[PDB]
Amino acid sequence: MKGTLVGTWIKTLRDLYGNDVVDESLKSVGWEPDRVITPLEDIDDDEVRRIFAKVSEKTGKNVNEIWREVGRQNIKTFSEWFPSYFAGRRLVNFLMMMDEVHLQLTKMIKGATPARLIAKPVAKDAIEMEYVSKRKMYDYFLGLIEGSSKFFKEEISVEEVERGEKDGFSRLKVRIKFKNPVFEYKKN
């Protein structure tokens, strides 16, 4: 994972579980307890795994729950570090533009296999959003959606439609329903 996101995860873990737990978890994988991860770095995904496993150990929460909580709270971290993505927007357009935003952030990467966050209207008050990747961050994804709702103070209902791994390509499809009609048939 590119250092840009990993840096936010570290801060977010601190907001959730405290500096003590995070310092100890970082040290447990050989990092300096106050390591600042930058955009120029590429963090080994298995190192991230072990950090999260230590947090699970110290907090007594299942790692799935930790990812959910991190997703939820990481939205606030994003809003502080990169307020530009939030300013002058409402939830529906925010979710709608996530795919584009991530494509911009991943346009340069070596992997050449872009995770996708395609959203599309399926009713006057609902979208389907599909997470497609090789990494299978199911709980993180669900958490980010909740965190978005929380941040924008707009209530939604989320129903999981599909989740499964095909050829390494993990997919998670959700239906998100809003409190007000937001879409209408126009002529393709």
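Quick note: we count residues from 1 along the sequence shown, nothing fancier.
Visitor: Do the C-alpha atoms of 6-14 or of 166-174 have the higher average B factor in the entry?
Guide: Result of the comparison: 166-174.
Visitor: Mean C-alpha B-factor higher for 55-63, or for 137-145?
Guide: Looking at the record's C-alpha B-factors, the answer is 55-63.
Visitor: With respect to C-alpha B-factor, does residue 47 fall in the lowest, middle or highest third of the chain as deposited?
Guide: Answer is lowest: the recorded C-alpha B-factor places it there.
Visitor: Would you check the entry's CA temperature factor for residue 93 and let me know if it's in the chain's lowest, middle or highest third?
Guide: Middle third, going by the recorded CA B-factors of the chain.
Visitor: By the record's CA B-factor, is residue 71 among the lowest, middle or highest third of residues in the chain?
Guide: Lowest third.
Visitor: Ranking the modelled residues of this chain by C-alpha B-factor as given in the entry, is residue 26 in the lowest, middle or highest third?
Guide: It falls in the bottom third of the chain.
Visitor: Taking the chain's C-alpha temperature factors as the reference, tell me which third residue 122 falls into: lowest, middle or highest.
Guide: It falls in the top third of the chain.
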